[PDB]
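For reference, the structure discussed in these notes is given below.
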Amino acid sequence: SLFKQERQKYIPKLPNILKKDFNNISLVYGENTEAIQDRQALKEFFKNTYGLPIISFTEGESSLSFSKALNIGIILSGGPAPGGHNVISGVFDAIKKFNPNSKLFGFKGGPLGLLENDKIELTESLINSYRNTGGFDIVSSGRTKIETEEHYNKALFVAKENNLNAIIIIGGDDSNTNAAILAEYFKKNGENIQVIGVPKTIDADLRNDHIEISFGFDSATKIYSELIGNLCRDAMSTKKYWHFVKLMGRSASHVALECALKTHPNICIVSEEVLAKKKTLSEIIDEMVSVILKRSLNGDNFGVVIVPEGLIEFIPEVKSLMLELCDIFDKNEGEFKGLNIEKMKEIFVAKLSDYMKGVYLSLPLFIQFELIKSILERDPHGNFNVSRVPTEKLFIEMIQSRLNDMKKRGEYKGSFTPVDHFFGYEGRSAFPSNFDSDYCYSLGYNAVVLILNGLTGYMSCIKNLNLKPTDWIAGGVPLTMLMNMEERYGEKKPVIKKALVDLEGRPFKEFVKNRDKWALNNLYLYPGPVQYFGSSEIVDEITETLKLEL
Amino acid sequence: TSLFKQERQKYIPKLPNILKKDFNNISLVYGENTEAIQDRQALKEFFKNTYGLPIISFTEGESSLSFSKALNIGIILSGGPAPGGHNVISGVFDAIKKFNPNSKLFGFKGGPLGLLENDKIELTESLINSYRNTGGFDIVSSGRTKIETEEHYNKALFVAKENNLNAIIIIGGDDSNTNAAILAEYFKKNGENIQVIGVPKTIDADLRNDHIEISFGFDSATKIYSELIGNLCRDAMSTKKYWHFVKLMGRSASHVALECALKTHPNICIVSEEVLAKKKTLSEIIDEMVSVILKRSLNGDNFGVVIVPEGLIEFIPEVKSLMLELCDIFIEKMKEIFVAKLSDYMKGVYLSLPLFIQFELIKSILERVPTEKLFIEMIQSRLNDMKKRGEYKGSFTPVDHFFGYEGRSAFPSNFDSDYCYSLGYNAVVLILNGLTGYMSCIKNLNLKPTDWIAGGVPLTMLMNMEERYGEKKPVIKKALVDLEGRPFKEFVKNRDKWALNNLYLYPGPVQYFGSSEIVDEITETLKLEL
């Protein structure tokens, strides 16, 4: 692509501190840390790495933990987010500045590549061709979980066979749970193998007071918001369509909320608020039908609706239903064996309580099947496949009935022509914005400096992300501080706690202040394509979420 | 909206050098005279007063205008939106202001219907200013009201006079422009000086010929689709696990699918026109896709990307045949009647299809079905058997997409921005020369705007006579993919390489700031043709 050729030339921007000679970068030690919850149980699990302090960088003469060339292994883990390839080019450049004989190995297909020792050397020309591109496709990714002594030995072995000083893991809450646990295992067995994590995810559910945002979120919400903008403007143009847009975002509504603040849709559902008010499915339907009715009465027979794809895990009744289908499947593992959807399910309907079966058979037939598969297709970390559940079609179907029932009684004169959308996969491997491009490159560059100071069990961290990159602050966040205890697949396991929308936070407060105006009026915003050439103001733009929060 | 819109509202669309001249220094070049594509005789008699008009073209030179008084122009946005419509309107506005600052522009609301109800707004400079370079038809909205009853043409004429209009500009696809051609004559037929000009609009690009090189919006919509498809390709390479099936808008032709394929290099792209021409079966198409999926699995590649045009099934002769017989007899058991009495030949075909398609074909009777979810279904079946017979060891995890509505009202690219502004500006100059029944035309669209050629293509040359329900009606033949054309031939030469290898291209977002070579880029289709 001609675009591709030019964008490959962009020089990502570092924090001023990371431009210094590496033995002129010294550490500032902050407060020791606690886990978020289950501190007691996490301290006894993380014997060697619990309670590590926040690390900041500042200028000063400081001696490094290596004199000779580094060997670094690196993994792309989980679903892709725009910018991963810049984390890698940042890492590559940093180790080369340290010692030109340093070598970077990329393991293939996620953490599984590490367990099976399936790698490639990441060389200067290879890394050149990926600079500033989207995708994880330089080595590919995967969702393999590392949780057993067997996994840990193979990792140790494979790290030792490749003469690695450190492993950098780029991923979300799941991948960095691997990272924290793996660092503990190494330090526990006196292994001199360092483990650094990098905060990747479009969901933006990996963050805290120190990690201001995960990478990729900026790029993905910009792409989603333009498309949603375009649907709003097409709805205004024809005055006839109701668009229902499902967005990726399994466990949290950061993506939906950002897109709402960008576009001003007539309806955006926030899963977290749904849960807090213990809303039911039909209550949500009533609140959307209501908006649809008042708009039809203003002559507006059209609108745009956003719905987070993980909404079904925040409706307590539907959450219950899925957890029961789970349990019903965990034990009857045998009957299910070689049966089909049609019959896999007769058993389910049969093994459900009258209460849940009543909830279940209340759902449209196609939704019933989909929920089945969502439970079958859990990932290694025990995530339900929700992307796969057509929640926005569940809404459409249930709304149509409700509107028919009201046309029946002459209480709805209107014209309801729904259209469904799901924006998700087309945002994960897009070209990263300038923001994610600088942020990812800095993350990877920063990780090597943490490594050169002998740190392990840290998340690469870059603060003040709302300022010009030059003024960014660099350092490290201990992984254990983001963690709690959580029942996965039946067991109570130590994991990184996903960060959901703060219902007390400014992004949400701000949505709440306006969402009523946006419902009955047409105050759509129309964001454009991401730009990579032109005014810094346009090119280096950031998310509304990040402006409101910092 | 954005520092983006406000930065984008300031952009100055580029005109052809000829349209920058004083209007008195633009003179006409009369080309060869026209005849319809077919039914030449019937159309000559139908379009009595306007048939056989010659190709027009502009060049520099002292002339004489048909007006000195301020113009009153009505304008209509018709049919589905395409990026750039608002620039056709801004171009029109600016042109008539240059001619005479007292000229007024009236936009009728919601399509041809706003004309029939005198439902209109003056488009003043301040208002037009906020729509410059934006997507959408939303400055006045559009609609699909046909103008066909004598009562209609009569009220349309009424209302044009009610507002003192010298001309009406209609912006739309093939139907709308057939409409304008007829409307143009009805006005002439009755001794009224009201000119009607048409503007070639559609993302389908099924409105074009040897003189109309492309309809506006196609450029913008394909660039957006192509990025998203490129992004799916790159996600697919990244995780090595999904088969993405992308349906694109366009019930009638495959210009959009073909363009996106030349831009992304997907593993499969079905061209409806090619399927019709080779007279393929449904199952043959399935085999072709299965065969690709199998071979890539054998290479370790359990992932890929498929592009399919939205109108594909309607180009499968079998299927067409079946909706013929289904309409010939003419739920669960009431279809089974369709079975014993169906011809066999369609029977074996009717039963190839999944029940929800079968039951669906019955729902089509009252009158949709997914080109997308039919294929994925039928592929899953043939793979299930093949794994059961130890012939397929791969994992097939399909994901479906439909990119369409999110492309129609996006910001227009520079190309559509210049092209649409030029189209509207040009329409006024056709009007100032007293022409009517023309389509506004801009040639050489692959060169820089300044070297574009401006002129008019007579609407009747685009026509044949269609007949439905008793009446012989004039219609503009939809232009489909030329299987002898360069865009299609380029695809045929390379699609086999794209299937089994991973040669995905990754186009980026449309850019509006930066090097002319990126910002003023055009479609592959237009490069190959031009």
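List of remarks:
- Checklist (1) of a type outside the set (A, V, I, L, M, F, W, C); (2) within 13 Å of chain B (Cβ to nearest Cβ); (3) over 19 Å from the mean Cα position of the chain (by Cα) applied to A:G216, failing item: (3)
- Residues satisfying the stated conditions in the range A:417-437, i.e. of a type outside the set (D, E) and farther than 30 Å from A:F395 by Cα: A:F431, A:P432, A:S433, A:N434, A:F435, A:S437
- Entirely in the range A:1-78, the strands (runs of 3 or more DSSP E) that have 1 or more residues that are among the hydroxyl-bearing types (S, T, Y) and either farther than 30 Å from B:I229 by Cβ or in the same structural domain as A:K463 (by CATH) (or both): A:25-32, A:53-59
- For the range A:26-46, taking the residues that are more than 28 Å from the chain's Cα centre (by Cα) and of a type outside the set (S, T, N, Q), the one that is nearest to A:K498 (Cα to Cα) is identified as A:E44.
- The C-beta contact set for the range B:53-67 (first residue closer than 20 Å to B:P458 by Cα, second residue charged (D, E, K, R) and surrounded by 14 or more Cβ atoms within 10 Å (Cβ to Cβ), distance under 9 angstrom, 6+ apart or interchain) comprises B:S57/B:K443; B:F58/B:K21.
- Residue in the range B:296-312 that is assigned to a helix (DSSP H, G or I) and over 23 Å from B:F245 (Cβ atoms) present: no
Conditions (1) touching a helix residue (DSSP H, G or I) at 6+ places or on another chain (Cβ under 7 Å); (2) in the same structural domain as A:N514 (by CATH); (3) assigned to a helix (DSSP H, G or I), marked per residue:
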site	(1), (2), (3)
A:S237	no, yes, yes
A:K246	yes, yes, no
A:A256	no, yes, yes
A:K262	yes, yes, yes
A:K279	no, yes, no
A:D286	no, yes, yes
A:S290	no, yes, yes
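- Residue selected from the range A:90-105 under the condition crowded, with 24+ Cβ neighbours inside 10 Å and out of contact with any strand residue (DSSP E or B) (no Cβ under 7 Å at 6 or more places or on another chain), by the criterion nearest to A:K4 (Cα to Cα): A:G90
- Scanning the range A:425-443 for residues that are within 9 Å of chain B (Cβ to nearest Cβ) and among the small types (G, A, S), we see that the one that is surrounded by the fewest Cβ atoms within 10 Å (Cβ to Cβ) is A:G427.
- Residue among A:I72, A:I55, A:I11 that alone is exposed (fewer than 15 other Cβ atoms within 10 Å of the Cβ), under 26 Å from the mean Cα position of the chain (by Cα) and away from chain B (no Cβ under 14 Å): A:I11
- Helices (runs of 4 or more DSSP H) contained entirely in the range B:472-530, each with at least 1 residues that are more than 30 Å from B:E288 (Cβ to Cβ) and within 13 Å of chain A (Cβ to nearest Cβ): B:516-519
- Residue count, the range B:444-471 (criterion: loosely packed, with under 15 Cβ neighbours inside 10 Å, in contact with a strand residue (DSSP E or B) (Cβ under 8 Å, 6 or more places away or on another chain) and not in a strand (DSSP E or B)): 1
- Per-region count, the range B:125-142, residues touching a strand residue (DSSP E or B) at 6+ places or on another chain (Cβ under 6 Å) and at the interface with chain A (Cβ under 9 Å from one of its Cβ atoms): 2
- A:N86 falls short on exactly one of the conditions (1) more than 14 Å from chain B (Cβ to nearest Cβ); (2) in contact with a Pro (Cβ under 7 Å, 6 or more places away or on another chain); (3) part of a loop (DSSP other than H, G, I, E, B), and that condition is (3).
- Criterion (more than 26 Å from B:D175 (Cβ to Cβ) and among the aliphatic types (A, V, I, L, M)) met by exactly one of B:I96, B:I73, B:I121: B:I96
- Filtering the range A:63-103 to residues that are hydroxyl-bearing (S, T, Y) and within 17 Å of A:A447 (Cβ to Cβ) leaves A:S65, A:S77, A:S89, A:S102.
Neighbour counts run over all protein chains shown; Cβ positions are idealised from the backbone, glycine included. Basis: the model, the stated rules and, where named, an outside source; no laboratory instrument gave them.
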